[PDB]
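Student: So I've got this file, protein32.pdb, and it contains PDB, C-alpha atoms and all ligand atoms:
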ATOM      1  CA  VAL A   3      33.971  41.860 -67.049
ATOM      2  CA  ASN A   4      31.628  38.820 -66.484
ATOM      3  CA  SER A   5      32.065  35.157 -65.252
ATOM      4  CA  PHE A   6      31.665  33.312 -68.621
ATOM      5  CA  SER A   7      34.848  31.271 -69.387
ATOM      6  CA  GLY A   8      36.267  29.360 -72.407
ATOM      7  CA  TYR A   9      34.036  31.008 -75.042
ATOM      8  CA  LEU A  10      35.209  31.704 -78.573
ATOM      9  CA  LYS A  11      34.401  35.259 -79.665
ATOM     10  CA  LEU A  12      32.387  35.318 -82.955
ATOM     11  CA  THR A  13      31.493  39.040 -83.096
ATOM     12  CA  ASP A  14      31.523  42.164 -80.916
ATOM     13  CA  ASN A  15      28.610  40.713 -78.856
ATOM     14  CA  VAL A  16      28.231  36.958 -79.637
ATOM     15  CA  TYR A  17      30.337  34.239 -77.974
ATOM     16  CA  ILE A  18      30.096  30.433 -78.398
ATOM     17  CA  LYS A  19      31.235  27.330 -76.504
ATOM     18  CA  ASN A  20      30.788  23.519 -76.687
ATOM     19  CA  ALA A  21      28.954  23.036 -73.399
ATOM     20  CA  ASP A  22      25.884  21.575 -71.713
ATOM     21  CA  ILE A  23      23.708  24.647 -70.973
ATOM     22  CA  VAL A  24      22.469  22.985 -67.738
ATOM     23  CA  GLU A  25      26.071  22.488 -66.461
ATOM     24  CA  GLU A  26      26.992  25.974 -67.659
ATOM     25  CA  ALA A  27      24.031  27.584 -65.885
ATOM     26  CA  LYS A  28      24.813  25.678 -62.652
ATOM     27  CA  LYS A  29      28.453  26.988 -62.735
ATOM     28  CA  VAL A  30      27.836  30.676 -63.799
ATOM     29  CA  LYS A  31      24.381  31.415 -62.253
ATOM     30  CA  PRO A  32      23.845  33.958 -65.011
ATOM     31  CA  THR A  33      21.272  36.731 -64.627
ATOM     32  CA  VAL A  34      19.369  35.185 -67.615
ATOM     33  CA  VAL A  35      19.311  31.658 -69.036
ATOM     34  CA  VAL A  36      17.323  31.230 -72.274
ATOM     35  CA  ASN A  37      14.952  28.251 -72.467
ATOM     36  CA  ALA A  38      14.104  27.099 -76.050
ATOM     37  CA  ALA A  39      10.419  26.598 -75.130
ATOM     38  CA  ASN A  40       7.115  25.849 -76.869
ATOM     39  CA  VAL A  41       3.928  28.045 -76.617
ATOM     40  CA  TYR A  42       2.445  25.747 -73.901
ATOM     41  CA  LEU A  43       5.644  25.854 -71.781
ATOM     42  CA  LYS A  44       5.468  22.016 -71.895
ATOM     43  CA  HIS A  45       9.110  21.097 -71.034
ATOM     44  CA  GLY A  46       8.990  17.439 -72.198
ATOM     45  CA  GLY A  47      12.358  16.971 -73.907
ATOM     46  CA  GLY A  48      15.447  18.828 -75.198
ATOM     47  CA  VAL A  49      16.857  22.036 -73.596
ATOM     48  CA  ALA A  50      13.440  22.801 -72.104
ATOM     49  CA  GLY A  51      13.213  19.297 -70.555
ATOM     50  CA  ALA A  52      16.878  19.282 -69.469
ATOM     51  CA  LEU A  53      16.615  22.689 -67.718
ATOM     52  CA  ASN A  54      13.302  21.572 -66.230
ATOM     53  CA  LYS A  55      14.797  18.259 -64.981
ATOM     54  CA  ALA A  56      17.693  20.239 -63.390
ATOM     55  CA  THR A  57      15.096  22.316 -61.425
ATOM     56  CA  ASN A  58      13.489  19.083 -60.084
ATOM     57  CA  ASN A  59      10.313  20.016 -62.111
ATOM     58  CA  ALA A  60       9.894  23.410 -60.340
ATOM     59  CA  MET A  61      10.185  25.124 -63.769
ATOM     60  CA  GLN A  62       7.205  23.057 -65.038
ATOM     61  CA  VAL A  63       5.113  23.791 -61.917
ATOM     62  CA  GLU A  64       5.727  27.541 -62.299
ATOM     63  CA  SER A  65       5.064  27.314 -66.063
ATOM     64  CA  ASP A  66       1.742  25.531 -65.618
ATOM     65  CA  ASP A  67       0.543  28.322 -63.287
ATOM     66  CA  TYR A  68       1.735  30.934 -65.886
ATOM     67  CA  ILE A  69      -0.236  29.257 -68.686
ATOM     68  CA  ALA A  70      -3.351  28.765 -66.529
ATOM     69  CA  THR A  71      -3.359  32.556 -65.912
ATOM     70  CA  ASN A  72      -2.133  33.959 -69.264
ATOM     71  CA  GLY A  73      -2.727  31.341 -71.948
ATOM     72  CA  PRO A  74      -0.138  30.224 -74.455
ATOM     73  CA  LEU A  75       2.766  32.291 -75.780
ATOM     74  CA  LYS A  76       3.026  33.289 -79.450
ATOM     75  CA  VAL A  77       5.545  31.606 -81.752
ATOM     76  CA  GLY A  78       8.342  34.231 -81.772
ATOM     77  CA  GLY A  79       7.361  35.424 -78.286
ATOM     78  CA  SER A  80       8.718  35.028 -74.789
ATOM     79  CA  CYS A  81       8.080  35.392 -71.072
ATOM     80  CA  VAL A  82      10.368  35.946 -68.100
ATOM     81  CA  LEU A  83       9.980  33.468 -65.232
ATOM     82  CA  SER A  84      12.200  32.327 -62.385
ATOM     83  CA  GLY A  85      15.645  30.846 -63.067
ATOM     84  CA  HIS A  86      15.201  28.546 -60.046
ATOM     85  CA  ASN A  87      18.575  26.997 -59.101
ATOM     86  CA  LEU A  88      20.094  27.756 -62.546
ATOM     87  CA  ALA A  89      19.937  31.547 -62.995
ATOM     88  CA  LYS A  90      18.222  34.629 -61.612
ATOM     89  CA  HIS A  91      15.670  34.545 -64.467
ATOM     90  CA  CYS A  92      14.703  32.188 -67.264
ATOM     91  CA  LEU A  93      13.679  33.829 -70.519
ATOM     92  CA  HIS A  94      11.384  31.267 -72.200
ATOM     93  CA  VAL A  95      11.623  32.015 -75.941
ATOM     94  CA  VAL A  96       9.532  30.240 -78.614
ATOM     95  CA  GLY A  97      11.348  29.729 -81.857
ATOM     96  CA  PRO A  98       9.438  28.193 -84.763
ATOM     97  CA  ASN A  99       9.299  24.397 -84.805
ATOM     98  CA  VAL A 100       9.917  23.260 -88.432
ATOM     99  CA  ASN A 101       8.711  19.706 -87.429
ATOM    100  CA  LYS A 102       5.267  21.342 -86.658
ATOM    101  CA  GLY A 103       5.316  23.423 -89.922
ATOM    102  CA  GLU A 104       5.866  26.919 -88.317
ATOM    103  CA  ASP A 105       7.250  29.854 -90.393
ATOM    104  CA  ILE A 106      11.111  29.952 -90.153
ATOM    105  CA  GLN A 107      10.874  33.820 -90.704
ATOM    106  CA  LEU A 108       9.631  33.896 -87.085
ATOM    107  CA  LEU A 109      13.168  32.986 -85.940
ATOM    108  CA  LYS A 110      14.271  36.640 -86.191
ATOM    109  CA  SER A 111      11.279  37.731 -84.038
ATOM    110  CA  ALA A 112      12.243  35.039 -81.487
ATOM    111  CA  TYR A 113      15.850  36.333 -81.239
ATOM    112  CA  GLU A 114      14.624  39.953 -80.871
ATOM    113  CA  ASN A 115      13.464  38.987 -77.350
ATOM    114  CA  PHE A 116      17.138  38.650 -76.349
ATOM    115  CA  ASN A 117      17.644  42.414 -76.912
ATOM    116  CA  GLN A 118      15.582  43.141 -73.746
ATOM    117  CA  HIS A 119      18.431  41.666 -71.631
ATOM    118  CA  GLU A 120      22.007  42.981 -71.420
ATOM    119  CA  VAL A 121      23.654  39.526 -70.995
ATOM    120  CA  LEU A 122      22.233  36.011 -71.635
ATOM    121  CA  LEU A 123      23.296  32.368 -71.628
ATOM    122  CA  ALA A 124      21.437  30.641 -74.521
ATOM    123  CA  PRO A 125      21.156  27.611 -76.785
ATOM    124  CA  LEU A 126      20.636  27.939 -80.523
ATOM    125  CA  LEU A 127      16.930  28.581 -81.126
ATOM    126  CA  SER A 128      14.918  26.356 -83.342
ATOM    127  CA  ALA A 129      17.825  23.698 -83.493
ATOM    128  CA  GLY A 130      17.749  19.977 -82.529
ATOM    129  CA  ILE A 131      14.142  18.632 -82.608
ATOM    130  CA  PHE A 132      12.712  22.033 -83.829
ATOM    131  CA  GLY A 133      14.112  21.072 -87.227
ATOM    132  CA  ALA A 134      15.813  24.264 -88.226
ATOM    133  CA  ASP A 135      19.345  24.387 -89.656
ATOM    134  CA  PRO A 136      21.594  25.438 -86.724
ATOM    135  CA  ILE A 137      23.947  27.283 -89.146
ATOM    136  CA  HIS A 138      20.973  29.469 -90.130
ATOM    137  CA  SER A 139      19.990  29.924 -86.459
ATOM    138  CA  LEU A 140      23.515  31.199 -85.638
ATOM    139  CA  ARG A 141      23.436  33.620 -88.594
ATOM    140  CA  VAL A 142      20.036  35.030 -87.494
ATOM    141  CA  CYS A 143      21.326  35.305 -83.899
ATOM    142  CA  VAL A 144      24.414  37.317 -84.940
ATOM    143  CA  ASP A 145      22.373  39.505 -87.293
ATOM    144  CA  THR A 146      19.545  40.182 -84.751
ATOM    145  CA  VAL A 147      20.904  40.162 -81.175
ATOM    146  CA  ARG A 148      22.768  43.336 -80.146
ATOM    147  CA  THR A 149      23.141  42.471 -76.424
ATOM    148  CA  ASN A 150      25.814  40.104 -75.168
ATOM    149  CA  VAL A 151      24.937  36.492 -75.813
ATOM    150  CA  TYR A 152      26.873  33.421 -74.661
ATOM    151  CA  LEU A 153      25.766  30.448 -76.804
ATOM    152  CA  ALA A 154      26.164  26.933 -75.383
ATOM    153  CA  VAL A 155      26.418  24.369 -78.129
ATOM    154  CA  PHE A 156      25.797  20.858 -76.700
ATOM    155  CA  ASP A 157      26.702  18.787 -79.779
ATOM    156  CA  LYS A 158      30.524  18.714 -80.175
ATOM    157  CA  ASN A 159      30.402  17.917 -83.840
ATOM    158  CA  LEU A 160      27.865  20.729 -84.452
ATOM    159  CA  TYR A 161      29.999  23.207 -82.487
ATOM    160  CA  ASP A 162      32.985  22.463 -84.749
ATOM    161  CA  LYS A 163      30.836  22.827 -87.860
ATOM    162  CA  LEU A 164      29.261  26.145 -86.655
ATOM    163  CA  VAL A 165      32.717  27.680 -85.966
ATOM    164  CA  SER A 166      34.380  26.395 -89.162
ATOM    165  CA  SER A 167      31.467  27.635 -91.399
ATOM    166  CA  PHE A 168      30.883  31.019 -89.655
ATOM    167  CA  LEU A 169      31.254  34.009 -92.009
TER
HETATM  168  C1  LIG B   1      16.192  24.237 -79.395
HETATM  169  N1  LIG B   1      17.089  23.149 -79.189
HETATM  170  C2  LIG B   1      18.316  23.493 -79.240
HETATM  171  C3  LIG B   1      19.119  22.436 -78.989
HETATM  172  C4  LIG B   1      20.643  22.577 -78.891
HETATM  173  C5  LIG B   1      21.468  21.852 -79.896
HETATM  174  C6  LIG B   1      22.883  21.869 -79.393
HETATM  175  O1  LIG B   1      23.363  22.770 -78.722
HETATM  176  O2  LIG B   1      23.539  20.935 -79.802
HETATM  177  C7  LIG B   1      18.275  21.334 -78.823
HETATM  178  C8  LIG B   1      18.466  19.980 -78.561
HETATM  179  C9  LIG B   1      17.427  19.085 -78.376
HETATM  180  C10 LIG B   1      16.085  19.570 -78.520
HETATM  181  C11 LIG B   1      15.889  20.928 -78.858
HETATM  182  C12 LIG B   1      16.991  21.824 -78.944
END
Before we go any further, please render this structure as structure tokens.

Tutor:
Amino acid sequence: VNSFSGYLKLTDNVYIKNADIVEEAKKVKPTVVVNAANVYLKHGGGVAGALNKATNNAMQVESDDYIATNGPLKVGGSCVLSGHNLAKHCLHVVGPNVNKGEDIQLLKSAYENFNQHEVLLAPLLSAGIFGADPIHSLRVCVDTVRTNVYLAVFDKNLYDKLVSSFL
């Protein structure tokens, strides 16, 4: 048993809910929250910016030190950093950004990072301003992730469309 509440079950291991991932993380304090990051860990806007804002910029400070030491991530790659006040850990995962012309085939590689963690709270990768089709992102998630994933869908209308179109 875990502390996630109000999720709809999509498969054996994937759950979904219309929720603000920031508000969800604050309530659950999951072991792992997934940040939909970029390779520079520049949390300007979106989920990245919203999680970073909720940490009072401590996520960005930690991320800048990580990049100064290690250099940028790969598209499709990840790193584990602190969860600050939101979670034990934050798994920063880089999905391809369609609005920058990155290969959508890298989405599967991005989701494979989730398999290193038994339970995660996550947004849909490569959605919103990354320009991928969220329906596709959910299909890749279900077909790639084998560990238990709790997906927070912010957009109400999108949530309803993801559920009603899910095969
Ligand atoms: C990766 N990513 C996912 C989302 C989540 C979309 C949603 O749950 O509605 C998002 C929103 C704004 C900017 C980037 C975003």

Student: I'd like the neighbourhood of residue A:125 as a PyMOL selection string, where a residue qualifies if any of its atoms comes within 9 Å (using all atoms listed in the file), though same-chain residues fewer than 6 positions away should be ignored.

Tutor: chain A and resi 23+35-38+49+152-156

Student: Care to translate the PyMOL selection byres (((not hetatm)) within 10 of (chain B and resi 1)) into actual residues of this file, as an NGL selection string?

Tutor: :A and (19-23 or 37-40 or 46-52 or 95-99 or 124-134 or 136 or 139 or 153-161)

Student: At a cut-off of 9 Å, using all atoms listed in the file, what residues contact residue A:33? Leave out same-chain residues fewer than 4 positions from it and give the result as a list in words.

Tutor: residues 85, 89, 90, 91, 92, 121, 122 and 123 of chain A

Student: With C-alpha atoms retained, write the just-selected residues as a short mmCIF file (atom, residue, chain, number, x, y, z; two decimals), keeping the file's coordinate frame.

Tutor:
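Below is the file again.cif, written as the result:
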data_model
loop_
_atom_site.label_atom_id
_atom_site.label_comp_id
_atom_site.auth_asym_id
_atom_site.auth_seq_id
_atom_site.Cartn_x
_atom_site.Cartn_y
_atom_site.Cartn_z
CA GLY A 85 15.64 30.85 -63.07
CA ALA A 89 19.94 31.55 -63.00
CA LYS A 90 18.22 34.63 -61.61
CA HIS A 91 15.67 34.54 -64.47
CA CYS A 92 14.70 32.19 -67.26
CA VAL A 121 23.65 39.53 -71.00
CA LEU A 122 22.23 36.01 -71.64
CA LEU A 123 23.30 32.37 -71.63
#

Student: Suppose you want the space between atom CA of residue A:149 and atom CA of residue A:103; what is it in Å?

Tutor: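 It comes out at 29.4 Å.
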
Student: Evaluating the PyMOL selection byres (((chain A and resi 150) around 12) and not hetatm) on the displayed file yields which residues, as an MDAnalysis selection string?

Tutor: chainID A and resid 3:4 6 11:18 33:34 116:124 143:144 146:149 151:153

Student: Where does the PyMOL selection byres (((chain A and resi 79-82) around 6) and not hetatm) land in this file, that is, which residues does it pick, as a ChimeraX atom specification?

Tutor: /A:76-78,83,92-96,112

Student: If I take atom CA of residue A:41 and atom CA of residue A:75, how far is one from the other in Å, to one decimal?

Tutor: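 Going from atom CA of residue A:41 over to atom CA of residue A:75, I get 4.5 Å.
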
Student: Which distance in Å separates atom CA of residue A:61 and atom CA of residue A:43, to one decimal?

Tutor: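 Computing it gives 9.2 Å between the two atoms.
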
Student: Quick one: residues within 10 Å of residue A:168, only C-alpha atoms, excluding same-chain residues fewer than 6 positions away - as an NGL selection string?

Tutor: :A and (12 or 137 or 140-141)

Student: Between A:101, A:111, A:71, A:5, which is the closest to residue A:32 once you count only C-alpha atoms?

Tutor: A:5

Student: Pick the closest to residue A:145 from A:114, A:10, A:25, A:164: which is it, counting all atoms listed in the file?

Tutor: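 Of A:114, A:10, A:25, A:164, the one nearest residue A:145, counting all atoms listed in the file, is A:114.
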
Student: Padding 4 Å on each side, edges along x, y and z: where is the centre of the box around the listed atoms of stretch 97-110 of chain A, and how long are its edges in Å to one decimal? Output it as AutoDock Vina command-line options.

Tutor:
--center_x 9.8 --center_y 28.2 --center_z -86.3 --size_x 17.0 --size_y 24.9 --size_z 16.8
